[PDB]
Amino acid sequence: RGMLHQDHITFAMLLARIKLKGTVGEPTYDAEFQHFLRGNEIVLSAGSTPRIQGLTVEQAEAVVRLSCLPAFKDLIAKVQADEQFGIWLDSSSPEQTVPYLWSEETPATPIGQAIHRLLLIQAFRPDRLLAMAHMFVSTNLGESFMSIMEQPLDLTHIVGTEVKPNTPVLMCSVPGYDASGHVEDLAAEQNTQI
Amino acid sequence: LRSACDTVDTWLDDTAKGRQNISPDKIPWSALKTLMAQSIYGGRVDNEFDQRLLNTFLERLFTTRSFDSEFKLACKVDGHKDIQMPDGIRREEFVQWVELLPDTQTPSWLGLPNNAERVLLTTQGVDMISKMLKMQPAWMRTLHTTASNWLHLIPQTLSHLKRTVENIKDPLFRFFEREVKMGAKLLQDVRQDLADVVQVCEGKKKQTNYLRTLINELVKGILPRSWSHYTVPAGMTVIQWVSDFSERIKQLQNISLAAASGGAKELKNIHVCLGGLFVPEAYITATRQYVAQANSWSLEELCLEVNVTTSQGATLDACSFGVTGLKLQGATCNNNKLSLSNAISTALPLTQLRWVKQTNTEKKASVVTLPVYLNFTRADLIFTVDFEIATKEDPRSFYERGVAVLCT
Amino acid sequence: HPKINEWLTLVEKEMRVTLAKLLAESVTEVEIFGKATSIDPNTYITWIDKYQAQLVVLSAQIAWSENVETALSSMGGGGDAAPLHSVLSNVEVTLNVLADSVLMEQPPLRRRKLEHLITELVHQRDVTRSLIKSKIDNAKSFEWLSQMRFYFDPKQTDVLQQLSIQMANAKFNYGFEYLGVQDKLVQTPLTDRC
Amino acid sequence: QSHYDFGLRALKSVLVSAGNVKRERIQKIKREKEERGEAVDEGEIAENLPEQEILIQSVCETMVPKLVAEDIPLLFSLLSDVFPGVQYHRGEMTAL
Ligand SMILES: Nc1ncnc2c1ncn2[C@@H]1O[C@H](COP(=O)(O)OP(=O)(O)O)[C@@H](O)[C@H]1O
């Protein structure tokens, strides 16, 4: 409630990771998350990157970086074998239909599958990363976890119960927005002189 | 929003004196549209094309046709679907319809192309990655090398134009005079400063206050304020400025060399890039003045029509000039006809600007006027061009998608 | 009233009331020049010299507004003819007389009055042309409502409340402050929007 | 130049100066015609009135003093282009 709307996904994803570390039945996923955070820093020579048909130089670079993971060792072979891959790559919302391009010796849980599709989305369609991240949170914390953040803010209950008289209500607005009217309306509704 | 609601309330009470129901035609659509386009929402608008877009939206939404069952609030939201006007007659059903909107929203809801938020979403994702990660002398030699490379890349000579009794009467000469003079002054100043920096980095001349400030700005990659004379995008580094300035000096060198030998004839027939010119709108008005003087007409009765050639180097008429480097945003030009495109930009190879006498005839209801901005910031309006849409397009859709021409 | 403030207040109030009465007389005199086909230059110049510059321009505005209002009311049926041309014609002939008056030597005060009248009648002529071109046939249409309109009510017991200025939503009363001879502005479309 | 301005203020100043110059030219012509013979007519004077010369005189009285040396030929060339034929004879303030 006191954060810019662009930072909601960051805090939600960190909460999802915290809950994931607290799950007895889930792996730690250290390598996949470490790559998701710091894989663009993997140094690779110009000649090491090949030219995969249908993928630009940036997508090819992302693919060859992501191939270092054991589950994506043969990613190039999988993407070249699948000819309808371009249809997904040019889809409006590819994150809803991420294709299975990682090798598993056991059927992974939906959470680990979410990390895998998330890495694939980052490698292939970075513009669709945020949406993918959102779905990741929904797999860890529920689909409604962000739902309250989409509704108009309810000042009544918060200032009536959650706010102590000692704690001031700081109302920080970006330029072009003013919360004075909200407070005046709130005081008018409660019949309280302000 | 409060002002618009107050206007709606006042005009509805004025038109409906307490009557339970009124015909949709009796609703003062013109009053609401004009007040919202001139006073409420049009007051902040200081651009004619923004006002045009606001007028387009207001004339789309605030008509009697909004009260029918078939009205589309938005079209081509995903290329197949469209947003339907709720058929409710009470606040509760409208709020219910709003609460039932799909969670997926694209800029096509706003009339913009779907590829408008690609860069924004990519940057937001990279920023989210950086934020998640975040909470988990040699400078003398480098500056010497950088300044030496800059001096090698930057041209050396730019001679002023030669004023003559009959040369002053030519507006093209009158404008290229300012261009070449300013270019030569900037070239000399920049070369002198760079040579001083090189000599300082060799420990041959003592560093002074001006040299200290210039070096401090150079090592951190900020464009010096003494060099910034023409309009540039705000967030541009010094490498990009050096490259652009070198290109501008080369173009001005070509202009001066052409003007020196031959006179004002090849001066009319020289290819120019508006992005490289320091004041392109002055070039536009100079060509307008040249055509007016050649034909002994007035400027206000001369209108401009643009012809995008399929190739560069085609011959030009006596009232048509050739300009290069123009980029069309959100549309493609084929056979002098515009089609709505899903690409970011399309490079116009060479366009002929031709000045002709006004016929006082209204446009053919299929002609779009497009602004020609100096750069991607769309902060400076150089002039306007006129094209004809494709066989199955809509000028309103052209306005809603922000189609415009960029000089660079 | 030997107190300075008392008789100064009396002077201000009497200035307002005298201006209101003089405006009433000016309107009842200029309604002859309006609603007519031919204007004698001599009597028009006599009327201009008799009354104050602000009152002269105000009376011209009142006469034109009433003429246009009655012409629009006469076309309430939609299919009726167009008397607006006559109103336009009236403006035209008036402007011509004014255009003839400034072409020769005039006293400075009367010259400034003539310039003010020329500016106001040019604006009225433009507005009438716009109304005719748009085929306005209702007095409640916004194309006429959007314009600044003056209404004089001679049967009002209060002289200060006799004149009302309305511009499409707003009801103003003339303040009757003595403005002397101000430098009138050209009523550009930007001025109308302002 | 930093001291150049060609906005609405300069235009309106030029227009007011043009009106004043027209009035003083009318007065001067009237006085000359009264002193030389006896024949004056408002219509004849208005018809034989060089209004373009009046505007040129006002423009050169207001805009020329601010110009730098090289812009004076440019401004006079623009005057010739937009106002062909007309020329500006600067007044001679002998007593001054
Ligand atoms: N509609 C108009 N008609 C006549 N003169 C005008 C008009 N608008 C502006 N001007 C003139 O332009 C000049 C500058 O206007 P000004 O009030 O200084 O604007 P700002 O407050 O933006 O500086 C004024 O001297 C004024 O006489």
# chains A, B, ... in the order shown; residues from 1 in each chain; ligands from 1

$ closest_atom_pairs --of "chain C" --to "chain B" --cutoff "12 Å" --atoms "only C-alpha atoms" --output "JSON lines"
{"residue": "C:140", "atom": "CA", "partner": "B:15", "partner_atom": "CA", "distance": 9.8}
{"residue": "C:141", "atom": "CA", "partner": "B:31", "partner_atom": "CA", "distance": 8.6}
{"residue": "C:142", "atom": "CA", "partner": "B:31", "partner_atom": "CA", "distance": 5.8}
{"residue": "C:143", "atom": "CA", "partner": "B:30", "partner_atom": "CA", "distance": 8.6}
{"residue": "C:144", "atom": "CA", "partner": "B:31", "partner_atom": "CA", "distance": 10.8}
{"residue": "C:145", "atom": "CA", "partner": "B:31", "partner_atom": "CA", "distance": 8.9}
{"residue": "C:146", "atom": "CA", "partner": "B:31", "partner_atom": "CA", "distance": 8.3}
{"residue": "C:167", "atom": "CA", "partner": "B:35", "partner_atom": "CA", "distance": 11.7}
{"residue": "C:168", "atom": "CA", "partner": "B:31", "partner_atom": "CA", "distance": 8.7}
{"residue": "C:169", "atom": "CA", "partner": "B:10", "partner_atom": "CA", "distance": 8.5}
{"residue": "C:170", "atom": "CA", "partner": "B:10", "partner_atom": "CA", "distance": 11.0}
{"residue": "C:189", "atom": "CA", "partner": "B:38", "partner_atom": "CA", "distance": 11.3}
{"residue": "C:190", "atom": "CA", "partner": "B:38", "partner_atom": "CA", "distance": 10.3}
{"residue": "C:192", "atom": "CA", "partner": "B:38", "partner_atom": "CA", "distance": 10.2}
{"residue": "C:193", "atom": "CA", "partner": "B:38", "partner_atom": "CA", "distance": 6.8}
{"residue": "C:194", "atom": "CA", "partner": "B:39", "partner_atom": "CA", "distance": 8.5}

$ residues_near_ligand --ligand "ligand 1" --cutoff "10 Å" --atoms "only C-alpha atoms and all ligand atoms" --output "PyMOL selection string"
(chain C and resi 119+183-192) or (chain D and resi 7-13)

$ write_last_selection --atoms "N, CA and C atoms" --output "mmCIF file, in the first residue's frame"
data_model
loop_
_atom_site.group_PDB
_atom_site.id
_atom_site.type_symbol
_atom_site.label_atom_id
_atom_site.label_comp_id
_atom_site.auth_asym_id
_atom_site.auth_seq_id
_atom_site.Cartn_x
_atom_site.Cartn_y
_atom_site.Cartn_z
ATOM 1 N N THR C 119 -13.788 47.135 -34.172
ATOM 2 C CA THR C 119 -13.350 45.832 -33.680
ATOM 3 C C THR C 119 -14.541 44.976 -33.256
ATOM 4 N N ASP C 183 -8.053 50.109 -24.192
ATOM 5 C CA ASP C 183 -7.569 49.655 -25.493
ATOM 6 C C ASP C 183 -8.153 48.270 -25.741
ATOM 7 N N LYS C 184 -9.181 48.210 -26.583
ATOM 8 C CA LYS C 184 -9.864 46.953 -26.841
ATOM 9 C C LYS C 184 -8.969 45.990 -27.612
ATOM 10 N N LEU C 185 -9.168 44.703 -27.357
ATOM 11 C CA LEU C 185 -8.419 43.643 -28.009
ATOM 12 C C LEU C 185 -9.203 43.090 -29.191
ATOM 13 N N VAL C 186 -8.471 42.568 -30.173
ATOM 14 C CA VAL C 186 -9.104 41.868 -31.281
ATOM 15 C C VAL C 186 -9.565 40.500 -30.801
ATOM 16 N N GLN C 187 -10.834 40.182 -31.051
ATOM 17 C CA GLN C 187 -11.435 38.952 -30.542
ATOM 18 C C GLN C 187 -11.066 37.799 -31.471
ATOM 19 N N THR C 188 -9.858 37.286 -31.274
ATOM 20 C CA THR C 188 -9.378 36.131 -32.010
ATOM 21 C C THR C 188 -10.036 34.857 -31.490
ATOM 22 N N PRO C 189 -9.978 33.767 -32.262
ATOM 23 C CA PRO C 189 -10.481 32.486 -31.737
ATOM 24 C C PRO C 189 -9.831 32.078 -30.427
ATOM 25 N N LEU C 190 -8.543 32.378 -30.248
ATOM 26 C CA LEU C 190 -7.902 32.126 -28.961
ATOM 27 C C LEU C 190 -8.536 32.967 -27.861
ATOM 28 N N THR C 191 -8.883 34.218 -28.167
ATOM 29 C CA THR C 191 -9.564 35.055 -27.185
ATOM 30 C C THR C 191 -10.930 34.483 -26.828
ATOM 31 N N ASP C 192 -11.658 33.960 -27.818
ATOM 32 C CA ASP C 192 -12.951 33.342 -27.540
ATOM 33 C C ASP C 192 -12.799 32.095 -26.678
ATOM 34 N N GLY D 7 7.941 38.769 -31.858
ATOM 35 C CA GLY D 7 6.700 38.185 -31.400
ATOM 36 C C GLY D 7 5.516 39.106 -31.601
ATOM 37 N N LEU D 8 4.486 38.890 -30.782
ATOM 38 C CA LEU D 8 3.271 39.685 -30.901
ATOM 39 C C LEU D 8 3.473 41.110 -30.402
ATOM 40 N N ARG D 9 4.340 41.307 -29.408
ATOM 41 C CA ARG D 9 4.573 42.651 -28.889
ATOM 42 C C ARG D 9 5.204 43.545 -29.947
ATOM 43 N N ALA D 10 6.232 43.037 -30.632
ATOM 44 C CA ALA D 10 6.872 43.811 -31.689
ATOM 45 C C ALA D 10 5.903 44.094 -32.827
ATOM 46 N N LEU D 11 5.094 43.101 -33.201
ATOM 47 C CA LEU D 11 4.121 43.298 -34.271
ATOM 48 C C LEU D 11 3.100 44.366 -33.902
ATOM 49 N N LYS D 12 2.580 44.322 -32.676
ATOM 50 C CA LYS D 12 1.584 45.309 -32.273
ATOM 51 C C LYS D 12 2.198 46.697 -32.152
ATOM 52 N N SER D 13 3.442 46.782 -31.675
ATOM 53 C CA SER D 13 4.129 48.068 -31.649
ATOM 54 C C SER D 13 4.297 48.620 -33.057
#

$ closest_atom_pairs --of "chain D" --to "chain B" --cutoff "10 Å" --atoms "only C-alpha atoms" --output "CSV"
residue,atom,partner,partner_atom,distance
D:73,CA,B:168,CA,8.1
D:74,CA,B:168,CA,6.9
D:77,CA,B:169,CA,6.3
D:78,CA,B:169,CA,8.0
D:80,CA,B:169,CA,9.0
D:81,CA,B:293,CA,7.5
D:82,CA,B:298,CA,8.2

$ write_last_selection --atoms "C-alpha atoms" --output "short mmCIF file (atom, residue, chain, number, x, y, z; two decimals), in the first residue's frame"
data_model
loop_
_atom_site.label_atom_id
_atom_site.label_comp_id
_atom_site.auth_asym_id
_atom_site.auth_seq_id
_atom_site.Cartn_x
_atom_site.Cartn_y
_atom_site.Cartn_z
CA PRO D 73 21.12 44.13 -45.70
CA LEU D 74 19.22 40.91 -44.97
CA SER D 77 16.27 42.34 -48.82
CA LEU D 78 13.31 40.77 -47.01
CA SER D 80 12.17 44.22 -50.97
CA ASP D 81 10.94 40.63 -51.34
CA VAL D 82 7.73 40.95 -49.31
#

$ closest_atom_pairs --of "chain D" --to "chain C" --cutoff "8 Å" --atoms "only C-alpha atoms" --output "tab-separated table"
residue	atom	partner	partner_atom	distance
D:42	CA	C:104	CA	5.6
D:43	CA	C:104	CA	7.7
D:46	CA	C:103	CA	7.0

$ write_last_selection --atoms "N, CA and C atoms" --output "CSV table (one decimal), in the first residue's frame"
chain,number,residue,atom,x,y,z
D,42,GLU,N,-10.9,64.4,-48.3
D,42,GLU,CA,-10.5,63.3,-47.6
D,42,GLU,C,-10.4,62.0,-48.5
D,43,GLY,N,-11.3,61.8,-49.4
D,43,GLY,CA,-11.2,60.7,-50.3
D,43,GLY,C,-10.0,60.7,-51.2
D,46,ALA,N,-7.0,59.9,-49.1
D,46,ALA,CA,-6.9,58.5,-48.8
D,46,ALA,C,-6.6,57.6,-50.0

$ interface_residues --of "chain B" --to "chain A" --cutoff "9 Å" --atoms "only C-alpha atoms" --output "PyMOL selection string"
chain B and resi 78+114+117-126+128-133

$ residues_around --residues "region 18-21 of chain C" --least-positions-apart "6" --cutoff "7 Å" --atoms "only C-alpha atoms" --output "PyMOL selection string"
chain C and resi 159-160+176

$ write_last_selection --atoms "N, CA, C and O atoms" --output "short mmCIF file (atom, residue, chain, number, x, y, z; two decimals), in the first residue's frame"
data_model
loop_
_atom_site.label_atom_id
_atom_site.label_comp_id
_atom_site.auth_asym_id
_atom_site.auth_seq_id
_atom_site.Cartn_x
_atom_site.Cartn_y
_atom_site.Cartn_z
N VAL C 159 -31.49 49.12 -11.62
CA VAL C 159 -30.76 49.48 -12.83
C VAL C 159 -29.49 48.65 -12.97
O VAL C 159 -29.07 48.31 -14.09
N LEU C 160 -28.85 48.30 -11.85
CA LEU C 160 -27.62 47.52 -11.90
C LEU C 160 -27.85 46.09 -12.35
O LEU C 160 -26.92 45.45 -12.86
N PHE C 176 -20.50 47.72 -13.97
CA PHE C 176 -20.68 49.16 -14.17
C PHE C 176 -19.55 49.97 -13.55
O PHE C 176 -19.75 51.10 -13.09
#

$ residues_around --residues "region 83-95 of chain B" --least-positions-apart "6" --cutoff "12 Å" --atoms "only C-alpha atoms" --output "number ranges by chain"
B: 21, 61, 65-77, 101-102, 105, 108-111
